[PDB]
Structure formats: structure tokens, C-alpha cells
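Undergrad: Structure incoming, see below.
What follows draws every value from the coordinates through simple rules; no lab data is involved. Cβ coordinates were reconstructed from backbone atoms using ideal geometry, including for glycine residues, and neighbour counts include every protein chain displayed.
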Amino acid sequence: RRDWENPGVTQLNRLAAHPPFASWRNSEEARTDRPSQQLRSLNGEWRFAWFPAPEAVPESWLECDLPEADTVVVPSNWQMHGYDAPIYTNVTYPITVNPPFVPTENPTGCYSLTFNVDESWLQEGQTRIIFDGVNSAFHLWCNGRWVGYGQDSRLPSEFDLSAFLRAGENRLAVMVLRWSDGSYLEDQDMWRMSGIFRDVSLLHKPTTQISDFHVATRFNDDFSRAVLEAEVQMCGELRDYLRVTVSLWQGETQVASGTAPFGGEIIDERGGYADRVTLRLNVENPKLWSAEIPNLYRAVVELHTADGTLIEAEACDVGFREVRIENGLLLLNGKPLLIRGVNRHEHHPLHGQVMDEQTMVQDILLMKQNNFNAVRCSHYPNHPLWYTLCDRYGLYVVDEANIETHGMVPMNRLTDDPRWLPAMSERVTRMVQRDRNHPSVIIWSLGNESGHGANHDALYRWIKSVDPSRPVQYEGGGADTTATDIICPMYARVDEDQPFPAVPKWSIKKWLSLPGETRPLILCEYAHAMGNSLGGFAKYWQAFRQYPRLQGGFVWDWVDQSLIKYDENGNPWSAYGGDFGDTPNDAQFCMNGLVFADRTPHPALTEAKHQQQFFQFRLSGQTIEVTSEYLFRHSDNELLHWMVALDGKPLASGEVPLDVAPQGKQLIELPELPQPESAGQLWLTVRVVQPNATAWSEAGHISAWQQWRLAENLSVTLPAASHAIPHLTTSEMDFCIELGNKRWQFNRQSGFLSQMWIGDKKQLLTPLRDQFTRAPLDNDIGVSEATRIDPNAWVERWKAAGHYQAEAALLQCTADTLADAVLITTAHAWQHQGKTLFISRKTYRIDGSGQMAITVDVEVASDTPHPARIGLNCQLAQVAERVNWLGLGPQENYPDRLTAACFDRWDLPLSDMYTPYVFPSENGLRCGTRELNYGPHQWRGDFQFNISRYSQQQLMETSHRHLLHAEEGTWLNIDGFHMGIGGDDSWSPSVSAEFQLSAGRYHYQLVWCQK
Amino acid sequence: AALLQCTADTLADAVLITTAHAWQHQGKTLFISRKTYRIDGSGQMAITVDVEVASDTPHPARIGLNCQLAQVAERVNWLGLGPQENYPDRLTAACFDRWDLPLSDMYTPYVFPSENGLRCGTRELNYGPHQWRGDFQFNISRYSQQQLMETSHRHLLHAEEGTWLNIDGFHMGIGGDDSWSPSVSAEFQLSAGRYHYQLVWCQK
Ligand SMILES: [Mg+2]
Ligand SMILES: [Mg+2]
Ligand code: NA
Ligand code: NA
Ligand code: NA
Ligand code: NA
Ligand code: NA
Ligand code: NA
């Protein structure tokens, strides 16, 4: 029948979808969500054999275990065990586009498991098996007998095993197909794996059972009163003595309880559902649920007899919250939301796509600690535990159907095809039937990148029909089609329009007011965090706050999809597309996260935390205006800590308790501040600290911060008169300056400071020369390849202009002696094939104080691509342990991504000045620095810089970070100016005009001396 | 202007004059100006200017130099934005080219006198025997900033001796969204803290 090549057959003998069941036989246990004897786990060691195609599987395998098979762990992806290679492809399907057919060489995983079943389970009731996740299709045999078939890799497939099992030992045989017609609906930008990668369990239910139940909560005008409505459905034999009791608990305190026999109200001319019943419970002053305060209640559903005998119990956590769109705004419990969200794939560096509680909790904590309050299930229903955690920890979830047909041409070829409506409907309907009781889920999504087809409109309507409690969104077809209640574009920019044909990406501000538009706009994806990114992040947030209908978005995305491989000596390294022999592939585009695969933060995470703060501040005189962006909670676990410092020197600090109501304000006046001892700039820094621990944070957690320049006192006092005078020594080849223990050497042919001495030690490995380029960032590269060059990408424009091959032509080099110093003057012209790209004019003034003032003035041809930077560099001879500086820090920061950094005195080990992006590039920069100290060297001025053991050349020539090798000495890069990193997207120039080096003529000055 | 430094150095083919001033008021240093004047054997005077503006003082109306030339010519020839008066936040209509106008046209007769006649993006200015080169903004007329500031009606203005010249490295926006509250957009307020600009003065 080749059921895996027919979208008309997505399952065989599969049981209906429903909310999480456990069939407790004790109510108290259901109330506490404790383990159930009726819900067993079959996770653990299984038998597994790999085959190249289903036709290669031996018939003996159904009856008897294969001796060639290995014992492996389940759940898991067999690619992670190395049976075959995992594939990373973005848009292009991993298989030939020829729906509904798949390759004949279809990797087949044969899993089997011998397990016990107690006679008590077979003597009464129904025993079903549940597969939470099987990629991508599979057939099922129990004791040699065929049971059923299933598709859709991201939702549970359940079958009734009652007629197949026997008391004692039993053997399951599961044949998993890597590819199937269902693969055409699973073209998400991520690794292509397969296997039984989610929990497998055994559930026993009484013959007469609770087959389904829906929990709803509607409120009155001010939410002071609510009604919990619970529709319960049963299967089995109807009897008058049967009853359904639904009780609601708030902790240990029972809040309400209701009981009733089956028999619903009249529905139509044929009557009503005799097998259903709706219980309604009133609740006064309910504790509302929100990401701010995740108050949860427990709903216990009991199926029993009128005499009081319990037959079975189910239950769920209930969160009293209302989600509705009104007058253009998405409201939660009547208040307009501000989505601080992120897209999150289920990815583990070692386990692939198998999730575990530990990892889920770790992601959630990091998210809430960094001011995220929402997550989007990109792009499929998640592991069931994920919704439980979000309910409890408090995160707004967008539940997304497992539907993506990005590779099709056009994108909606399948979604507009009625013969694919069935397969699509199951992926949407079975998702709703499974998660509709989770309060964390506030929005349903019809899928991702599948264009806009009629099937979308149909399913969009189906949801609005079955579940009115949640809005429905979908981005395909233009982000604003008839299949979405929310304008949810991906990578739409703040002010810049991208008028693509048929599916343009308008600036979000303009989008809201297009003629006739009135819906709220929340980007389903924005701020592509690939590599050194998130430049311009602060621009979205400024907009979200000013525009009521710009209600935020979900950053793309949470964690890099890098995998772990081992080298020749067992050393692990982060691998990406193509590193497994997988081809065609999309290399590093699988790494777009705010954190590395191991959950170690990327520098951009801190920018997100800052911009996403819940407290806004304003300064006026000595009064700080604190404004809360919370919608429901008072600042009951926050205190404001202020600190005034002069050029890094702490001059005064204090603490004030924060007592601000949601959306309210608090005025805090600072004490009379004492005038600073010397000259310099006074800086004010405030921080919001949570004194007490929470479920998601430790005591002392900093949730927000801000800075302001206070009084500045310009130094107007001339330094002491030098004692000695620098001596100049002109020679055919050099201009040497001597001053005590110091020696400066300027090569007259190159016109560069080729060397410096402090006593007997040389200070340079490579001369100090100008630099106008940088090792290409992922955003500089885009989709350009050696095979497919993108002339539009920044990297290509620089290469094409000769920026990386520019050779300096010495125009002038003269030496002059002053009354108290030696003045060296140079002028270089960088040219490429007769084109003068840049002209550098400098003057070095070495005085008796032993200081070398470097004054630089650059000219950049208006018709050459704006340069990546304008500074100097050199390979210092020394290698120190610490790096001390006065500027923006402590973490890496760039022009368009430095709002999170603060100005102060920072001190870090040299290694922290290097950001280990898997794909190497220019990194570690720190802007707005007035003083830098390394070893015996000190540079002063107003510049940005990066210092490490890796030269820009090595960084741009190396593909993986583990292949880098510390160079001799330390490479220093001091820039007077540096281009922005961009990041609105990573496949087209995204550096905003204000952050491009286009002034034409640049000036900057540095002073080098001993610390 | 409090003088902090004024030195002279004889070079291989020129004389270098270095100065440093600090403008104060009530013991507060508003701005600091550092310059060097380089005069070579060609008779050209290269002026390098680097200013510091206290971050806590209101952003200055402009950053440049001014003086009253003894000269009084009839024409003003320049290579920059023109031919009409243009300011940083109102120069889109101006075009870059070689303009040549009568001195009076370098003056805008606003009934209520104020700073006027400026021209931006100028790389070369020619007046009488003088020529200034660089990348500056400028206005030139027979009325001083002081007279314009103290005179209520344009008909009460009297032509001063010689010609008043204002060469700006940077000039604040004029604004206009309204005329009863600060309206100069942030990007047009001189708030960088440190400014640099250079000029070359010569004859012919
Ligand atoms: Mg099928
Ligand atoms: Mg895609
Ligand atoms: Na697990
Ligand atoms: Na908003
Ligand atoms: Na990607
Ligand atoms: Na508090
Ligand atoms: Na590279
Ligand atoms: Na006046």
C-alpha cells in the first residue's frame, strides 16, 4: 500500500486526540499531579536496527528480535547514534520534490521492545500505547500482529493494544520511515533527523472512561467574577448511576465543586449528547494568570457512580485568563500586552531533537532572567512537558501546527490544494484537541512558510469555531492575509520598507496604518541573531513602546542548532551544515541563537534583556522617574540601587525601595551630591535588584538598569612641564626617537611605526598600520558563496572594491623637532587598480612626558563602499592576563548594539575579550572607550577596540572556531569609527544608514604611553 | 576666553602656532578650544581646530570662528551649497556648485534680525583677496552677530566698517515645527562633545 506515499493516508487505527491523560484511580493523586499507576513509561533501552529501505526489513523481525540489532536508548534520533547522517538544509527539501513520492532509498529504523504487562491491565479496561513523537512515519506491530500506522512527527500517535497484549512478556516492533508524504509538510529550517524521539508510554483506561474534557474560563467586566465551564465527554456504557464531578482547588483549599449525571442540553432536532455533560463553577475574585504572576488552580475531573465509587480521574492546571483582540489591541485580562518573545526550536547539541525536563527548565529560567515573557513554538507542537512548565513558570505561548512547505514552488502549491487539506487539518485539529487546556497558550498558529492557500482559510475558520478563547495567526502569503487575526510579519523593518512583489515587508510603523488595516502587529520573527548580530535591536523596542498596536515580537531565535562532533583525539567541537557529509546543505544558517547550543549566552542576549526591561526611567535634576511596564503586579520584590561615579571612581551610592503599581510611576530624589575631587565626567547608574529569590531567579537578581551623564568638569589644567626632550635620529631607512628607556622606530619606506622598545624589549611583532576592513560577520556575508556570489552583500562590495587587497602607497613621511618634542608626519593612499580608496594623514608627537599623541585624518572616496571600520592595528609582542579599560562594557558591544553596556572601569581576563562565535568573524569590540590598559601599555582618547590572540586575517579565513590557533603576541585593533553589525535579517544588507561610515572625512586621536 | 597655552615652533618650512582656550562662566568651563596655525613658505595658513563641549551645558548654537575683515568687496564666490541661504536642517533645495553673488545677497533681510545668510557644505570661499578652503558652513555680511542680536527691526541695521565673517565647522539646526518651543531635531543639535574641523587661509 505504500501508505508513506499518500497524503490521503496519514494514519491507520489511530485513536482520537485529547488533552494529557493519566487515568488516576485516586483523586488526591490527580489533585497533586502526582505519578499514576495507570500511566507507565516505556522509555529506556530498546532494540534497534538500521535499514536502507523498508523493502530490506526481514519478515523475521516482526516475530523475532534481530541478533544484528543493537541495544539503544529511546527516545532518541538515530542520527545522534551515528546510524546515518543528519542533514541541515534550510529551504530546499532534503528529498526530490515529487509529491507525494519519496526516495526509494528511504532510511528505515526498526525499533523493538520486550516489555511486561500485568494481567490486571488486561482483565479489565483498555490498554493503549502512546508515541509522543516519531519522525516521520511508522507502522506498528504487537506480538507479530499489525496494529496501525501514523504520521506527523510532532504530535502523539495512540493505538489500542488491548486485543494484542497478553499477560507477561510482549514484543513491540516499530518500523520508522525517515521520509514520507508527511515530509512535504515538515520543511522547517533545521536539521533533518528521524526516529522515536519523544516519550513512549502505556496508558490504561477503564472501559467506561473520560474520553475528553475542555476547560474554559469567562469573566465579568472587571474580572472580579468568573465561571469555570468544563465539558466532559465519555466512552463506554451509559448508565443513569454514572456521574461526573469537577472540583477546583487553589492549593490545598477546595474553591468549588459540582456534580452531575451525563446528558447535555439539546443541540438540534435529534436531541443532544447523552455522552456529555457541562459543569459550571462560579469563582469569586479569582487569582488571574499571567506571565507576570502565573497563579494556577487545579481542576479535577472525576468519573464515578452515584454511590460514590470512583472509576477514574483526570485533571489539569487551570489559569484564569482572558485573551481577546479588541479595537486593534491584543488584550490579556483586559490589558494590552507587550510581547517580549523569542522563537525556540527543540534542539540539544548531543541529543539532537530529544527534549528533557532539565534542558527545558534551563531555557525557561534563562528566558525569564533576560526579560522574555513569551515564546513561539517554531514551528510545531512541542514536547508536552513544555506547556506544563510555561503554565507554571509563566510564559505566553504561541502553539504552532507542524506545517511548513517552504521548498514548494510556489510556496502555497500544497496549501491551496484541496487534496492536501486532510493531511493539513489533522496537524491543526489534533494540536488544538491536545493543548486547548493550557493557559500558557494564548495564540494558535496555522504553521510556517507555506504561502497562503485556501486550506489555511478553512483551518483558520475551524479553530475560531471550536476555540473562541484564543486568536489565530499565520504569516504566510504576506503576514496580513485573511487567515490571521494578527499582522505577524517576519523580519519586517522599523522604518524601512521592503516592497517585495505580492508579499512586501512594510516598515511595521507604516504597516499598521495602511488603508483599512486595524489589526495589532506582533512580528512572529525579528532581529535575526546569527553570529555577531542584534544590531538595531533598540530600534524595534523604541517603536513597540511608542506605538500601541506594535505589540512586540519573537526574536529569531533562542539557541544555535550546532551539533557536537569529536576530533582525532576525542575533543568535542561545534559542527554545522555540511559537517556530516550532508549535502546539499546550508552551512551555518542553522545557528541563529541568542545562546550557544550549550546555553552559554551570546553577547546579544544582554542587549535583549536591557531593551526588554519592565521598568522605564527618566532623569530630571536629582529626581529619577521610575515607570512600571507591568500590567498586573506591583514592584513587590524590587529595590532601586543608584551609583554615581567619576570616570569609574565611585563617589556615591544608595538604595531606595521600589513601590510602583503596574503602569504606575514613582519619583525618587537623589541626596545632595558632593562636587567631585577632580575633573572628569560624572555618571549615574541605577539598577533594579530583586532582594528575594523566585521560582526563576536567585536573590540579588538584576532585572533592569540605566545610565545618565551628570555634571562634567573639563580638565583645564596644563600638565607639569616635561623634564627631558625626545631625541631624533634621521637615517636613510628610519626616523628614530629616543627618550630615556623608550625607543620609537619609524620606517621611512613604509611610513609606519615599525617598532618600539621599552628598555631592551621589543613591543611589536607587526607594524602599526591603518585598517579599513574587518573579518566578515554573518550579516556582512548574507547568502553569498564562492559558488553563488551575492554582489549586493557587504562582503562582496568590499571584495569587489579591493578593500581587502588595498596596498598603501607612501605619499609623505617627514620628521620635525619641536621645543619639547619630535613630530613625525605621514600620508598614505590606499589604492586598487588605479583607484585611490582611502588617504591617511597622520602626525605623531612624542614629548618629554614619554607620551605619543597620534592624530589621524582619513578621506574615504564617496564612490567606494563605506568601509567596515577606520582605525589602526598591530600585533603587540606581549601577552598579558588582564585587560583593563574605561568605556562601555563589560561585554562585547557595537555601534548599533551598545545600549545594554555601561560606561565604567572594566577588568577582564584577556580571553573574555574574545567572543567564540562558532563561525569566526570580527568580534569582542568595545565602544566608547576613553582609556585602555594592557600590560605596560595605555591608550587614551575616544575609540572602540578589540584585543585578542586572533588576527583579523585568521578570523576571516577560518570556518570553525575550534580550528583557530592563538597567534604569537596579542592583536590590537583600535578604531576611531566602526560600522554597525546590523541583523534585521542575515540575507541582505541590514546596517541602518546612521551606522554606516559615510561621512567622507574622519578624524580621531590617540595617545600611547606606559601604564 | 581664558588662555591656557600659546606656543610657537619653527619648523623645517614653516612656523607652527599652538593655542588652547577655555570659555568659562561662574567657574564653569563651557567649551575648550585647541588650535594650531601652520604657515608655510607658500603663504598659506592652515588652521586645525578641535573643540570640547561640556556634556552638561546646553548644546551650542554653533562651533566656528569669526572676525571682521577690513576688506569690503562686491562679490562672494564659493564652491558649496547655494545660491540661496541654507542651514543643516534646511539645505535639501540647495545645490552644490560654483556660485557667485553680490555681497548684499549673502544677507537675508528678515524683518526681525537674526543669524542669517549661512551656506553649508562649502569647500572654498572667495572674498576680495581672501580664500578659505575646507568643509565648512559660513555667512558673510556687513552686520555683526551682536548688532543683529540687539536690533529689533531690519530698517534699524547700519552697515559696520569692513565685513563680518562667520566660518563654522558646525552649525545648529534652525528648526521650525513650531516657534514657541524647542523644535530642532536631535540629529541637528551639536551634542557630539568633541568637534574637529580645519581650514586653509590664503591670498589670491
Ligand atoms: Mg500517507
Ligand atoms: Mg523555512
Ligand atoms: Na525525558
Ligand atoms: Na506598543
Ligand atoms: Na536559520
Ligand atoms: Na519592592
Ligand atoms: Na570566517
Ligand atoms: Na534681533
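Undergrad: Between helix A:421-435 and chain A, what is the angle of the helix's C-alpha long axis to the longest principal axis, kept within 0 to 90° and rounded to the nearest 10?
TA: 90 degrees
Undergrad: In addition: Quick check: net charge around A:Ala868, other residues with Cβ under 11 Å of its Cβ, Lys/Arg +1 and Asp/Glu -1?
TA: On the way: positive: A:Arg774, A:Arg797, A:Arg869; negative: A:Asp780, A:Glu922, A:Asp975.
Here the charged neighbours net out to 0.
Undergrad: Charges only on Cβ, +1 for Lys and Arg, -1 for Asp and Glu: so what's the dipole of region A:322-612 about the Cα centre, in debye to the nearest 20? Don't skip to the answer; put the middle values down first.
TA: Details: 27 positive and 34 negative charges, 221 e Å.
Using Cβ point charges on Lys, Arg, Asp and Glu, region A:322-612 gives about 1060 debye.
Undergrad: Also, quick follow-up: Give the long-range amide H neighbours of A:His937: residues separated by 5 or more places, or on another chain, with amide H under 5 Å away, using H modelled in the peptide plane at 1.01 Å from N.
TA: The list, which skips near neighbours in sequence, is A:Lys1011.
Undergrad: Show me, for region A:643-659, the HN-Hα J-couplings you get by feeding each phi into the Karplus relation (A = 6.51, B = -1.76, C = 1.60, θ = phi - 60°), rounded to Hz, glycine and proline as x.
TA: 8, 10, 9, 9, 6, x, 7, x, 9, 5, 8, x, 9, 9, x, 9, 10
Undergrad: What are the ³J(HN,Hα) values, in whole Hz, obtained from phi via the Karplus relation 6.51 cos²θ - 1.76 cosθ + 1.60 with θ = phi - 60°, for each residue of region A:801-813 in sequence order, with x given for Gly and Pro?
TA: Karplus values, whole Hz, x for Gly and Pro: 7, x, 4, 7, 10, 4, 10, 6, 10, 6, 9, 6, 7.
Undergrad: Something else now. Give me the net charge of B:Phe188's neighbourhood, meaning all other residues with Cβ under 15 Å from the Cβ of B:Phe188; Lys, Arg count +1, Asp, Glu -1.
TA: On the way: positive: B:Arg62, B:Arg90; negative: A:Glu994, B:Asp89, B:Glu115, B:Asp168, B:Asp177, B:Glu187.
That works out to -4.
Undergrad: Sequence-distant or interchain residues sharing an amide H contact under 5 Å with A:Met234, placed H: which?
TA: A:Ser211
Undergrad: Could you compute how fast region A:719-1011 diffuses translationally, taking Rh as the Kirkwood radius over C-alpha pairs and applying Stokes-Einstein at 25 °C with viscosity 0.890 mPa s? Give it in µm² per second. Please report the intermediate quantities before stating the final value.
TA: On the way: Rh = 19.9 Å.
Estimated via Stokes-Einstein, D reaches 124 µm²/s.
Undergrad: Using only Cα atoms, find the angle between the long axis of helix A:454-466 and the longest principal axis of chain A, and express it within 0 to 90 degrees, rounded to the nearest 10.
TA: Approximately 70 degrees, to the nearest 10.
Undergrad: Now for a separate question. Okay, helix-only estimate at 222 nm for chain A: each DSSP H run of n ≥ 4 adds -39500 (n - 2.57), divide by all residues, round to 500 deg cm²/dmol; what do you get?
TA: On the way: 13 runs with 106 residues, N = 1011.
One gets -3000 deg cm²/dmol as the mean residue ellipticity at 222 nm.
Undergrad: Let me ask something additional. Can you tell me the dipole magnitude for region A:946-1009 around its Cα centre, using point charges on the Cβ only (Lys, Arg +1; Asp, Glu -1), in Debye to the nearest 20?
TA: Details: 3 positive and 7 negative charges, 30 e Å.
Dipole of region A:946-1009, to the nearest 20 debye: 140 debye.
Undergrad: Quick one: work out Rg over Rh on the C-alpha atoms of the protein assembly as shown, Rh as Kirkwood radius.
TA: Numbers: Rg = 36.1 Å, Rh = 34.7 Å.
Computed over Cα atoms, the ratio is 1.04.
Undergrad: While we're on this one: Per q in 0.13, 0.14, 0.15, 0.18 1/Å, what log10 I(q)/I(0) does a Debye calculation on the alpha-carbon atoms of region A:613-718 return?
TA: -0.52, -0.59, -0.66, -0.87
Undergrad: Still on this structure: Projected onto the charge dipole of the protein assembly as shown (+1 at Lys/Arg Cβ, -1 at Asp/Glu Cβ, origin at the Cα centre), which of A:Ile781, A:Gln771, B:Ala2 gives the Cα projection farthest towards the positive end?
TA: Sorting the options by dipole projection puts first B:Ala2.
Undergrad: From the C-alpha gyration tensor of chain B, pull out the three semi-axes of the equivalent ellipsoid (sqrt of 5λ each), sorted largest to smallest, in whole Å. All intermediate terms of the calculation are to be shown ahead of the outcome.
TA: Details: eigenvalues 145, 110, 56 Å².
They are 27, 23, 17 Å, listed from largest to smallest.
Undergrad: Here's something else I'd like to know. Would you mind checking which residues have amide H under 5 Å from A:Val494's amide H? H placed 1.01 Å from N; only 5 or more apart, or other chain.
TA: Here A:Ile508 satisfy the definition.
Undergrad: By how many degrees, 0 to 90 and rounded to 10, does the Cα axis of helix A:537-546 deviate from the longest principal axis of chain A?
TA: 60 degrees
Undergrad: Report the chymotrypsin sites (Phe, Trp or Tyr not before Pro) located in region B:27-126 that are in a DSSP loop and have at most 13 other Cβ atoms inside 10 Å of their Cβ, or state none.
TA: Numbers: sites: B:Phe31, B:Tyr37, B:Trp78, B:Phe96, B:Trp99, B:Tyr107, B:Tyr110; in loops: B:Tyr107, B:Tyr110.
In loop regions of region B:27-126 (DSSP not H, G, I, E or B), the sparsely surrounded chymotrypsin sites (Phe, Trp or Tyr not before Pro) are B:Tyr110.
Undergrad: Let me ask something else. Enumerate by residue number the GluC sites (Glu not before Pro) in region A:596-701 meeting two conditions: DSSP loop (anything except H, G, I, E, B), and at most 10 other Cβ atoms within 10 Å of the site's Cβ.
TA: Details: sites: A:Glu607, A:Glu625, A:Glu629, A:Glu638, A:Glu655, A:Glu669, A:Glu672, A:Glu677, A:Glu698; in loops: A:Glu629, A:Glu638, A:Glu672, A:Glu677, A:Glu698.
In loop regions of region A:596-701 (DSSP not H, G, I, E or B), the sparsely surrounded GluC sites (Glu not before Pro) are A:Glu672, A:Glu677.
Undergrad: Do any GluC sites (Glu not before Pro) in region A:249-297 lie in a loop, going by DSSP, with at most 14 other beta-carbon atoms within 10 Å of their beta carbon, and if so which? Spell out each step's value before the answer.
TA: On the way: sites: A:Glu252, A:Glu265, A:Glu269, A:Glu284, A:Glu292; in loops: A:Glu252, A:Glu265, A:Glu269, A:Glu292.
Counting only loop positions with at most 14 other Cβ atoms within 10 Å, the GluC sites (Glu not before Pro) in region A:249-297 are A:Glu252, A:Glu265, A:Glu269.
Undergrad: Could you tell me the largest-minus-smallest coordinate of the C-alpha atoms of region A:164-233 on each of the three principal axes, in descending order and whole angstroms?
TA: 53, 45, 19
Undergrad: Quick one: what do you get for region A:207-321 if you divide its Cα Rg by 2.2 N^0.38 Å? Mind showing how you got there, number by number?
TA: Working: Rg = 15.0 Å, N = 115, 2.2 N^0.38 = 13.4 Å.
Taking the Cα Rg and dividing by 2.2 N^0.38 Å, one obtains 1.13.
Undergrad: Still on this structure, please answer the following. Ranking A:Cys488, A:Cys736 by Cβ neighbours within 10 Å, fewest first, what do you get?
TA: Starting with the residue having the fewest Cβ neighbours, the order is A:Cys736, A:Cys488.
Undergrad: Turning to a different aspect of this structure: Which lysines have a Cα less than 26 Å from the Cα of A:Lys539, not counting those fewer than 8 places away in the same chain?
TA: A:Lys335, A:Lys368, A:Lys505, A:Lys509, A:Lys510, A:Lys609, A:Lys665
Undergrad: Near A:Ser247, within a Cβ-to-Cβ distance under 11 Å, what is the net charge of the other residues, with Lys and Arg +1 and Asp and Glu -1?
TA: Net local charge, A:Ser247 excluded: +1.
Undergrad: Moving to a separate point now. Quick one: Cα centre-to-centre distance for region A:1-79 and region A:660-701, in angstrom?
TA: Measuring centre to centre over Cα atoms gives 54 Å.
Undergrad: If the only charges are +1 at each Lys and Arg Cβ and -1 at each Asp and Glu Cβ, what is the size of the charge dipole of chain B around the Cα centre, to the nearest 20 debye?
TA: Values: 15 positive and 22 negative charges, 58 e Å.
Roughly 280 debye for chain B.
Undergrad: Would you calculate the volume per residue, in Å³, of the smallest convex hull containing every Cα atom of region A:854-903?
TA: Values: hull volume 7.6 nm³, N = 50.
Spread over its residues, the Cα hull of region A:854-903 gives 151 Å³ apiece.
Undergrad: Determine ³J(HN,Hα), in whole Hz, for all residues of region A:575-584 in sequence, where each value follows from phi through the Karplus function 6.51 cos²θ - 1.76 cosθ + 1.60 and θ = phi - 60°; x replaces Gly and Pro.
TA: Along region A:575-584, the couplings run 9, 9, x, x, 6, 10, x, 5, 7, x Hz.
Undergrad: Please report the spacing between the Cα centers of region A:769-825 and region A:177-219 in Å, no decimals.
TA: With region A:769-825 and region A:177-219 each reduced to a Cα centre, they are spaced 55 Å.
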